[PDB]
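**Q** For reference, the structure I am asking about is given below.
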Amino acid sequence: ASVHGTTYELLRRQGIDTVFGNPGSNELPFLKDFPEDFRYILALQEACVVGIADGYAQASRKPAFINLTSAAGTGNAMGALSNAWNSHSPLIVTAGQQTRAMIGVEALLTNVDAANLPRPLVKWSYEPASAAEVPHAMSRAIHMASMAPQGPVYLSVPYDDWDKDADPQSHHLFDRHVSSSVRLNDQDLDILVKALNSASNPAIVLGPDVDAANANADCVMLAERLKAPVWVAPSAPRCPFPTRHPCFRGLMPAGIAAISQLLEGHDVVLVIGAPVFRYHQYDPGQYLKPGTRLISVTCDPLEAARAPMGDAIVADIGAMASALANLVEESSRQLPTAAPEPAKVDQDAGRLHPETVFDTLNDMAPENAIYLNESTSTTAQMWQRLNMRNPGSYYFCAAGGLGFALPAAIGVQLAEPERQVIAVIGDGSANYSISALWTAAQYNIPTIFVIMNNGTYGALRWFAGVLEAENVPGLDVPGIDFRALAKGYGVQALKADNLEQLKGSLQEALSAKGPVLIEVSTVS
Amino acid sequence: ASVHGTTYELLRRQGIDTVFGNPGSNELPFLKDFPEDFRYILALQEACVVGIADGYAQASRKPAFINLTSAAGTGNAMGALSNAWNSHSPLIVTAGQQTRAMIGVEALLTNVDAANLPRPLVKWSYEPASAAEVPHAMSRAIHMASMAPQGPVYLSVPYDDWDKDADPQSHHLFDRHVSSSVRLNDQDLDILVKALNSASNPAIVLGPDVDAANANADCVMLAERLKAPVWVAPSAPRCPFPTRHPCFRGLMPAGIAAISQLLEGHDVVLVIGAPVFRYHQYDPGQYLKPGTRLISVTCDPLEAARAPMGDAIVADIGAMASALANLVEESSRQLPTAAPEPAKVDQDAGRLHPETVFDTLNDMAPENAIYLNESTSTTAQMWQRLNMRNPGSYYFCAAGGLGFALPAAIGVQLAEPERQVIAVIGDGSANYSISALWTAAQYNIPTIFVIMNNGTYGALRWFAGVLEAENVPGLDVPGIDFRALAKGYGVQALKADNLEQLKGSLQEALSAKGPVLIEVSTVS
Amino acid sequence: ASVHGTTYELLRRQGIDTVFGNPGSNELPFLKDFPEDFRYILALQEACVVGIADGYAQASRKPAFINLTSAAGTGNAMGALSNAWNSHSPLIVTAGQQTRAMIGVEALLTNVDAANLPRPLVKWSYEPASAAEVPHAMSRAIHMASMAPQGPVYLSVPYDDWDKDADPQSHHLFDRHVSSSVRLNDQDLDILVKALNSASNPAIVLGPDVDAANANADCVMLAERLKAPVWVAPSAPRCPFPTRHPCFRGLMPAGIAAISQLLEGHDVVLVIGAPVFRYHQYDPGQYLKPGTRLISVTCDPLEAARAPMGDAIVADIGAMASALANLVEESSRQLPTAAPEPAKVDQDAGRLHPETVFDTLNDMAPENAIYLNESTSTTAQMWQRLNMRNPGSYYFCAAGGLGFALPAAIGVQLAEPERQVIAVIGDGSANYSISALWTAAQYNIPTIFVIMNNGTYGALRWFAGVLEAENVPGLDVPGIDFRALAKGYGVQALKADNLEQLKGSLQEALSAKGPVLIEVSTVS
Ligand SMILES: Cc1ncc(C[n+]2csc(CCOP(=O)(O)OP(=O)(O)O)c2C)c(N)n1
Ligand SMILES: Cc1ncc(C[n+]2csc(CCOP(=O)(O)OP(=O)(O)O)c2C)c(N)n1
Ligand SMILES: Cc1ncc(C[n+]2csc(CCOP(=O)(O)OP(=O)(O)O)c2C)c(N)n1
Ligand SMILES: [Ca+2]
Ligand SMILES: [Ca+2]
Ligand SMILES: [Ca+2]
Ligand SMILES: [Mg+2]
Ligand SMILES: [Mg+2]
């Protein structure tokens, strides 16, 4: 068999049937004779390609396969890759390389020093030393991406390799099964369980790897057993807990002092599936106040190592959550009382307040809706006002890299056809990956895009005035017509300058049979 | 003085007065109290920021200064850096890093292993070990970018550094002057001149570094003295010679066999300011046919080392071209005859052939127009049909990375206010950096954008012929409305469905007060 | 032709006829059928291999070729490579890699991520993508090492490549000539010459690239014309000037404040072939005092970029030194004030003072002796007491990496059979590369080795004083018998416990026909 045929066979045997890509000349020999059991999804820019694949991988909880061209194509996708790195997204990125005969003279589109290009944003980066090695390298890529802690990997393939003969021994690769579904040994797990059973005032903190593992329901059981308040770790890329559950206490603020204040008086704090901690603002103080013991369960040795406090256990989040949920005793403490409903903000007849927008979405969206957030100044309000009952209901750029939400919403919608995806995106953020809209239109992927338009980079104006930073240039983004942009890429577009129009637009958008974009005029 | 004040002083004293940027939290302490003698040019995505800065740097023949945010921002720009690497563009890229106090815990927006991120696409990549080192590091960056062979450099700065005290000895940095304006020693230069005088049938091949050095007129004199035909090296990122000069023989095809056939019978071939050679298609054969001797003058050691044939001299192109032009004898041979005018392609009353478009541009554009090309299937016809008399008249993505031309056209137009810039861009390529249009509208930079719309990735459909690949997905991009996209970003838009409308549209565009996009319906 | 035959022809044609190595299985297919016009020099450990090659390259002023095995062999040599990087030594390091068929499984002795291994200590690092590419990759290595600024390069070759067919077009590589022998353009050079002519009190600082280019005689003429005092730049790897010439001032102390003090009152300071500057101890102060301008001529863009003061010219040291020496006017100023004579230290009849040793060497050694220095606490005294009249008379580890001088002295002696090499090496330093002695014995390379045995790491004790660092462990090295070590590796050995034994031993060593080691008991 050829390297071409052996590689597609490996891919299908390992459960891959979708290729997200932007084609180039170096990939033509790979994409030719594209198999009838595969699906190719085109996006117009590589950041969109990777964003869509990322959304798809995260929602499906399986690896996604990407095909890009050389250094320029890989390069356009590296911002998206930084998000994928922080979110532990299992992404297999393949980039076509020049023919081996012309690599040395550095012909046009030679990816020079290819393996170094995507570093340090990938778990593994590689260019095979011969064509016959390509299937084996692809097998490595698949498993490196899928093993805990999951993450993006990169494989550079000279285009002449595809037509060459494969090694007959490559068949041994097709059905390899590799597991990292592990948990703490019985002896030490018993000790952990006793420490939790003995806690007088435990608290639980959940990170994105809980949602990735679909460990949400086990964490609900654990919280109910321990009668413990539950927080989501700061800079949250996903939602790991039902937000209207009585134990739920919200998104933690991304500051050192703020977090140790929140945790004060809790004797044991169990952190599951989060780094400790993804702080953002500088808010100096104690990591923990006296009397608090922290125990971290993480799938990532790099996270366990860099925690500035606490004990850590490096294991699979799914296996650990289920073990813990089922081993801890039912505490006799009273179940925490549910957080109060958030107050209704005064809304006049003019431009919409973000709070008003979220209340309205919450009233009108289906219960199994999925939200993506890239409205950077309104994140706290979003978390308080959206009732997210199910797993996989929320996505936010894990490395804070704008350009994620718009394309990721398309990938999520593709992965979850029966759940309505609603992307809430600021007017600033919408531009980074605007051409992703075209893919929604072309494949009829019924994502709803809600653009929050206040004409400015709001989160920066906040980060600014608070440092007393005066005279900062480039904070304003006037003169963008999002309905025109939507029309530009073939997506139905509506506007909402006030509450009445917002309700009407949402009514229409939810009834639509294709992608819809709604431009919302919001207050500054 | 603070690091902030010392660094802006260094920048102004080194001739920098413009910052191209997309802002983020880590940059706020750098951008605050922005000096009144500097201007800030905002673009909505980092690929666009770098593209605009690149165009500006290439046209101005001076380094350009870029400011981006952390890993996500740098990453979004790496495709653009790939082009900048190949074009030897002097770009100073600064990226804001997290505060030193939070780098260890990897707070959100920490650029991990920062200096490795942009590698291998930069000449130098660095993060300073302390705040007081920042001005010295910036000095290194400016000079590393500006010295031959020019190219992009990367500097990562923790945001807390800017408010700190600078080293008082930093003042020594302000007026440093660093020269690489060197040429071959007299004795060896005399030997080279002898070999050129002695050739019975010399040919000259010129690359982009001629135009970067503004050595074009010196090369004209050289070609006229030697009575030698002149080719442009393949995959040309710039135009180094008047295209209607009688010696001019056109753009070399980017193939091994095609070039050695083209050079057959020329006893000495002098290549100036080009890699030897930037082939693209695989076209195996002889690098040179017997009887042909090749001598390369390059500013880049990496180019000289990797040439698979010929002698090489590593020196400054401007100094070498001037010296050669002034030392060679006037040959007694007859001056080459000008190439025949290209044939008129027949044009009916329907969709435009690319040839018609280029003929019409040539008839209507000012004699000092600047063209940018990202119409990938029409490059050969463009080179045959545009009379470009002056230096700095042509730009094409040097690494073959799409997304360059649209933003670069804005930078070039910014650098050359008295020269009408006309970007010819395919419908596929226009999408990679579509949001750049906003910067043109916002700063009123009157670039003309000509969108060649044939609904497909034409150059890929062709490369898919030489390779004979069938059933390739993702080659079609129907359903994009470029007038609406232009409207979306505030740029005046026009359409041309046939020749009459093309003339009418171009006429309106050429006299317009602001940027203008023209959507042209082209064949195939 | 095979890759093997083609590669040895390339080496032969590029002037290489010696392979310095330590063999491994991955190199057997390269080393088999070893050509009769080549010689192999074996050393017992890779730091010794590179050290010997390094000495040979520096003294011969031509590239040297090295063959090591995979990652372990390359790794053992990486300390020696750091010295090579700092000395601009043109070393071509080839490392054998596993067969391409077993790279993927990471069989034993697979050099994983090979090209990254020696970074950042090499100008260029590479593994070819196919067997046919090997001669071209070797061509690139050769030229990269040889172009200014010279330095080490690294090529990793899978062992199965050697027997494969070479590209027939590889013959074009054989006779390629690549030149970087360049100097400043006429206009700016005249400006420089006028600045030097107009200076009222000029000073000259010379670095190792002067001796590397053999520009010593031109620098003497320049200094005589300007009547200028000449210093050698700090941490000097070579000696660029006759140390008893009337202009010579001595070796600059490696401190910021010390140097600006030495240069005070000089209106123009011309630095040639040195970094500005290789400081060592932290001696905070002014880089230059007011009233002094500095102009640096360097072959290395990295040096020009990082100088914290002065202007810079990046050009070939040989060409520039020659041009300047012949262009500047003869000044009528008085020569520098004669330097004082080094004091004779009172010597009892016991252990030797280093000053006694150096005075005795200077009396008894031939006028064209070549010295190597790795006696770290005595460097200042060595420079004050040895009259070195000729070029290529001094070597010292350029990166301060011990283990250089012993093997380098053998390489130098091999390159300069008619000049007596005398390596002065501390008892501590001698151990890093002790096995090199065997190579001197086996090939009968008549190097003389003077071990300064004071039983401690003297320089560290000093450096500890200027820090008031108390209770440092590991500074003493008692119980080493160097005569027994010499016997172990087959080298004649003598001992010198006092002055009369020192004179006797040197007399005998100078008369010997093979290598000789003398152990000298020196004061604590
Ligand atoms: C790729 C990238 N570029 C820039 C930033 C910096 N940044 C953070 S928030 C922000 C503002 C986004 O504005 P918008 O999307 O309209 O949301 P708003 O703050 O107004 O709610 C910017 C530019 C970033 N995080 N990532
Ligand atoms: C960043 C990047 N992505 C993808 C490619 C591959 N590529 C080369 S040509 C081409 C087609 C461009 O189409 P268009 O701009 O409409 O011009 P046409 O070929 O039809 O004339 C593509 C997708 C590339 N070179 N760079
Ligand atoms: C590879 C390496 N290891 C350690 C050192 C640190 N070092 C600098 S000087 C020195 C002492 C050298 O001792 P010796 O050779 O006996 O000379 P002495 O100082 O006594 O004159 C050491 C260990 C170094 N420079 N390089
Ligand atoms: Ca906004
Ligand atoms: Ca097209
Ligand atoms: Ca000692
Ligand atoms: Mg990288
Ligand atoms: Mg005009």
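Methodologically, a virtual Cβ is constructed for each residue, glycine included, from the backbone with ideal geometry; neighbour enumeration extends over all protein chains shown. The values are calculated or read from the model by the stated rules, or taken from the named source; none is laboratory data.
**Q** Of the residues in the range A:240-265, how many are under 17 Å from A:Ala338 (Cα atoms) and charged (D, E, K, R)?
**A** Residues that pass the stated criteria total 2.
**Q** Restricting attention to the range B:423-434, which residues are farther than 17 Å from B:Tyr56 by Cα, aliphatic (A, V, I, L, M) and either more than 14 Å from chain A (Cβ to nearest Cβ) or more than 8 Å from ligand 2 (Cβ to nearest atom) (or both)?
**A** Looking only at the range B:423-434, we keep the residues that are farther than 17 Å from B:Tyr56 by Cα, and these are B:424-432, B:434.
Filter once more, so that each one left must be aliphatic (A, V, I, L, M): B:424-425, B:430, B:434.
Those that are farther than 17 Å from B:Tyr56 by Cα, aliphatic (A, V, I, L, M) and either more than 14 Å from chain A (Cβ to nearest Cβ) or more than 8 Å from ligand 2 (Cβ to nearest atom) (or both): B:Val424, B:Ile434.
**Q** Filter the range A:91-103 down to the residues that are assigned to a loop (DSSP other than H, G, I, E, B) and at the interface with chain B (Cβ under 7 Å from one of its Cβ atoms) and list them by number.
**A** Restricting attention to the range A:91-103, the residues satisfying the condition of being assigned to a loop (DSSP other than H, G, I, E, B) are A:98-99.
The answer is A:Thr99, and nothing else.
**Q** Something else: If A:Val472 passes every condition in (1) at the interface with another protein chain (Cβ under 10 Å from one of its Cβ atoms); (2) in contact with a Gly (Cβ under 6 Å, 6 or more places away or on another chain); (3) surrounded by 20 or more Cβ atoms within 10 Å (Cβ to Cβ) but one, which one does it miss?
**A** For A:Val472, the exception is condition (2).
**Q** Take the conditions more than 16 Å from ligand 5 (Cβ to nearest atom), among the basic types (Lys, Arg) and within 25 Å of C:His136 (Cα to Cα) and apply them to B:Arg306. Does it pass? Break it down into steps so the answer makes sense when it comes.
**A** Values: more than 16 Å from ligand 5 (Cβ to nearest atom): yes; among the basic types (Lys, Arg): yes; within 25 Å of C:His136 (Cα to Cα): yes.
It is true that B:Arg306 is more than 16 Å from ligand 5 (Cβ to nearest atom), among the basic types (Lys, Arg) and within 25 Å of C:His136 (Cα to Cα).
**Q** Take the conditions closer than 21 Å to C:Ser125 by Cα and either in a loop (DSSP other than H, G, I, E, B) or within 13 Å of chain A (Cβ to nearest Cβ) (or both) and apply them to B:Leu108. Does it pass? Spell out how you get there, then give the answer.
**A** Details: closer than 21 Å to C:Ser125 by Cα: no; either in a loop (DSSP other than H, G, I, E, B) or within 13 Å of chain A (Cβ to nearest Cβ) (or both): yes.
No: the conditions fail for B:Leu108.
**Q** Looking for something closer than 27 Å to A:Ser70 by Cα, assigned by CATH to the domain that holds B:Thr360, among the hydroxyl-bearing types (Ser, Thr, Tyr) and touching a residue at least 12 places away in the same chain (Cβ under 8 Å) - is there at least one such residue anywhere in the range B:472-490?
**A** No: the range B:472-490 contains no residue that is closer than 27 Å to A:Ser70 by Cα, assigned by CATH to the domain that holds B:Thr360, among the hydroxyl-bearing types (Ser, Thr, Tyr) and touching a residue at least 12 places away in the same chain (Cβ under 8 Å).
**Q** Condition test on C:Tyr287, is it buried (at least 16 other Cβ atoms within 10 Å of the Cβ), free of Cβ contacts under 8 Å to residues at least 60 places away in the same chain and either within 14 Å of chain B (Cβ to nearest Cβ) or over 21 Å from B:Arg13 (Cα atoms) (or both)?
**A** When the stated conditions are applied, C:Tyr287 passes them.
**Q** May I pose another question? Here's a check for you: in the range C:435-458, which residue that is closer than 20 Å to C:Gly51 by Cβ and surrounded by fewer than 22 Cβ atoms within 10 Å (Cβ to Cβ) is nearest to ligand 2 (Cβ to nearest atom)?
**A** C:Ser435
**Q** So A:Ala72 passes all but one of these: (1) touching a helix residue (DSSP H, G or I) at 6+ places or on another chain (Cβ under 6 Å); (2) of a type in the set (A, V, I, L, M, F, W, C); (3) surrounded by fewer than 24 Cβ atoms within 10 Å (Cβ to Cβ). Which condition number does it fail?
**A** (3)
**Q** Return the residue satisfying two criteria in turn: it lies in the range A:41-90 and is more than 8 Å from chain B (Cβ to nearest Cβ) and among the hydroxyl-bearing types (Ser, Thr, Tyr), and of such residues it is nearest to the chain's Cα centre (by Cα).
**A** Looking at residues that are more than 8 Å from chain B (Cβ to nearest Cβ) and among the hydroxyl-bearing types (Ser, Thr, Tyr), I get A:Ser87.
**Q** So which strands (runs of 3 or more DSSP E) are wholly in the range A:444-524 and hold at least 2 residues that are within 16 Å of ligand 7 (Cβ to nearest atom)? Give the derivation first.
**A** Values: elements: A:448-453, A:492-496, A:516-521.
In the range A:444-524, there are no strands (runs of 3 or more DSSP E) which contain 2 or more residues that are within 16 Å of ligand 7 (Cβ to nearest atom).
**Q** Which numbered condition trips up B:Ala145, out of (1) touching a residue at least 24 places away in the same chain (Cβ under 8 Å); (2) within 22 Å of the chain's Cα centre (by Cα); (3) within 7 Å of another protein chain (Cβ to nearest Cβ)?
**A** Going through (1) touching a residue at least 24 places away in the same chain (Cβ under 8 Å); (2) within 22 Å of the chain's Cα centre (by Cα); (3) within 7 Å of another protein chain (Cβ to nearest Cβ) one by one, B:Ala145 breaks only (3).
**Q** Mind telling me which of the residues C:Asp167, C:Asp186 ends up being within 14 Å of another protein chain (Cβ to nearest Cβ), touching a residue at least 12 places away in the same chain (Cβ under 8 Å) and over 21 Å from the mean Cα position of the chain (by Cα)?
**A** Values: C:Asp186 fails: touching a residue at least 12 places away in the same chain (Cβ under 8 Å).
Only one candidate qualifies: C:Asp167.
**Q** Taking C:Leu327 as the residue in question, decide whether it is hydrophobic (A, V, I, L, M, F, W, C), more than 30 Å from C:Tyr279 (Cα to Cα) and touching a residue at least 60 places away in the same chain (Cβ under 8 Å). Can you show your working first?
**A** On the way: hydrophobic (A, V, I, L, M, F, W, C): yes; more than 30 Å from C:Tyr279 (Cα to Cα): yes; touching a residue at least 60 places away in the same chain (Cβ under 8 Å): yes.
Criteria met by C:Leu327.
**Q** Okay, moving on. Taking B:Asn454, is it within 20 Å of A:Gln442 (Cα to Cα), away from ligand 4 (no atom under 16 Å from the Cβ) and more than 11 Å from chain A (Cβ to nearest Cβ)? Working first, answer last.
**A** Values: within 20 Å of A:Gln442 (Cα to Cα): yes; away from ligand 4 (no atom under 16 Å from the Cβ): yes; more than 11 Å from chain A (Cβ to nearest Cβ): yes.
For B:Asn454, the condition - within 20 Å of A:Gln442 (Cα to Cα), away from ligand 4 (no atom under 16 Å from the Cβ) and more than 11 Å from chain A (Cβ to nearest Cβ) - is met.
**Q** Of everything in the range C:235-264, what is within 18 Å of B:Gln169 (Cα to Cα), of a type outside the set (S, T, N, Q) and over 22 Å from the mean Cα position of the chain (by Cα)? Give them in sequence order.
**A** Selection gives C:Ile256, C:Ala257, C:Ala258, C:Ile259, C:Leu262, C:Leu263, C:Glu264.
**Q** Right, next: Are there any pairs, at least 6 apart or on different chains, whose C-beta atoms fall under 7 Å, with the first in the range A:12-40 and facing chain B (nearest Cβ under 9 Å) and the second part of a helix (DSSP H, G or I) and among the small types (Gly, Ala, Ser), and if so, which?
**A** From residues that are facing chain B (nearest Cβ under 9 Å), the pairs are A:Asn22/A:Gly73; A:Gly24/A:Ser70; A:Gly24/A:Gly73; A:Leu28/B:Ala464.
**Q** Report whether or not A:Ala95 is in contact with a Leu (Cβ under 6 Å, 6 or more places away or on another chain) and within 29 Å of A:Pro208 (Cα to Cα).
**A** On the way: in contact with a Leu (Cβ under 6 Å, 6 or more places away or on another chain): yes; within 29 Å of A:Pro208 (Cα to Cα): yes.
Yes, satisfied.
**Q** Across the range C:56-74, what is the number of residues that are over 30 Å from C:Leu108 (Cα atoms) and part of a strand (DSSP E or B)? I'd like the intermediate steps shown before the answer.
**A** So the first thing to find is which residues in the range C:56-74 are over 30 Å from C:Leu108 (Cα atoms), and the list is C:56-63.
The next check asks that each one be part of a strand (DSSP E or B); those that pass are none.
Number satisfying all stated conditions: 0.
**Q** Looking only at the range A:1-30, how many residues end up being in a strand (DSSP E or B) and closer than 17 Å to A:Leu42 by Cα? Before you say what the answer is, go through the steps one by one.
**A** In the first step, residues of the range A:1-30 are kept if they are in a strand (DSSP E or B); the result is A:2, A:18-21.
Next cut, closer than 17 Å to A:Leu42 by Cα only: A:18-21.
Looking only at that region, the number is 4.
**Q** Sticking with this structure for a sec: Scan the range A:409-429 and give yes if some residue there is of a type outside the set (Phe, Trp, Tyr), farther than 20 Å from A:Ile445 by Cα, within 17 Å of the chain's Cα centre (by Cα) and not assigned by CATH to the domain that holds A:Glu46, otherwise no.
**A** Residues of the range A:409-429 of a type outside the set (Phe, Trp, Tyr): A:409-429.
Right, trim to farther than 20 Å from A:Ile445 by Cα and you get A:426-429.
Next, from what is left, pick out any that are within 17 Å of the chain's Cα centre (by Cα): A:429.
Applying the additional criterion that residues be not assigned by CATH to the domain that holds A:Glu46 yields A:429.
The answer is yes, given that some residue of the range A:409-429 is of a type outside the set (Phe, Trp, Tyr), farther than 20 Å from A:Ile445 by Cα, within 17 Å of the chain's Cα centre (by Cα) and not assigned by CATH to the domain that holds A:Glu46.
**Q** Right, next: Out of all the residues in the range B:151-184, which are more than 27 Å from B:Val112 (Cα to Cα) and either touching a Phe, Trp or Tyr at 6+ places or on another chain (Cβ under 8 Å) or not hydrophobic (A, V, I, L, M, F, W, C) (or both)? Full working, then the answer.
**A** Within the range B:151-184, the first condition is being more than 27 Å from B:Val112 (Cα to Cα), and the residues that meet it are B:168-184.
Listed by number, the residues that qualify are B:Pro168, B:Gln169, B:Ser170, B:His171, B:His172, B:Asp175, B:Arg176, B:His177, B:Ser179, B:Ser180, B:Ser181, B:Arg183.
**Q** Related question: Anything in the range B:164-195 that is of a type in the set (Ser, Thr, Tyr) and within 26 Å of C:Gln187 (Cβ to Cβ)? List them, or say none. Reasoning before the result, please.
**A** Residues of the range B:164-195 of a type in the set (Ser, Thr, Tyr): B:170, B:179-181.
Matches in the range B:164-195: B:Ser179, B:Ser180, B:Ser181.
**Q** OK, next. B:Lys227 fails exactly one of the following numbered conditions: (1) surrounded by fewer than 24 Cβ atoms within 10 Å (Cβ to Cβ); (2) closer than 30 Å to C:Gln14 by Cβ; (3) more than 14 Å from chain A (Cβ to nearest Cβ). What is the number of that condition?
**A** Going through the list (1) surrounded by fewer than 24 Cβ atoms within 10 Å (Cβ to Cβ); (2) closer than 30 Å to C:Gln14 by Cβ; (3) more than 14 Å from chain A (Cβ to nearest Cβ), B:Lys227 breaks only (2).
**Q** Next question, about the same structure. Collect the residues in the range A:491-504 that are under 19 Å from A:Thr360 (Cβ atoms) and touching a residue at least 12 places away in the same chain (Cβ under 8 Å), keeping them in residue-number order. Even if it seems obvious, please write down each step before you answer.
**A** In the first step, residues of the range A:491-504 are kept if they are under 19 Å from A:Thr360 (Cβ atoms); the result is A:493-504.
Across the range A:491-504, the qualifying residues are A:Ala493, A:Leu494, A:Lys495, A:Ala496, A:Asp497, A:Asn498, A:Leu499, A:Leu502, A:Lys503.
**Q** Going by the conditions given, is B:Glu508 acidic (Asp, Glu) and within 16 Å of ligand 8 (Cβ to nearest atom)? Reasoning before the result, please.
**A** Details: acidic (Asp, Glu): yes; within 16 Å of ligand 8 (Cβ to nearest atom): yes.
Against the criterion (acidic (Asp, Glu) and within 16 Å of ligand 8 (Cβ to nearest atom)), B:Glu508 qualifies.
**Q** Further, regarding this structure: Hey, among B:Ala323, B:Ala312, B:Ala257, which residue is of a type in the set (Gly, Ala, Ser) and in a strand (DSSP E or B)? Walk me through it before giving the result.
**A** On the way: B:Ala323 fails: in a strand (DSSP E or B); B:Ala257 fails: in a strand (DSSP E or B).
From the options B:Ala323, B:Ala312, B:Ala257, the qualifying one is B:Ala312.
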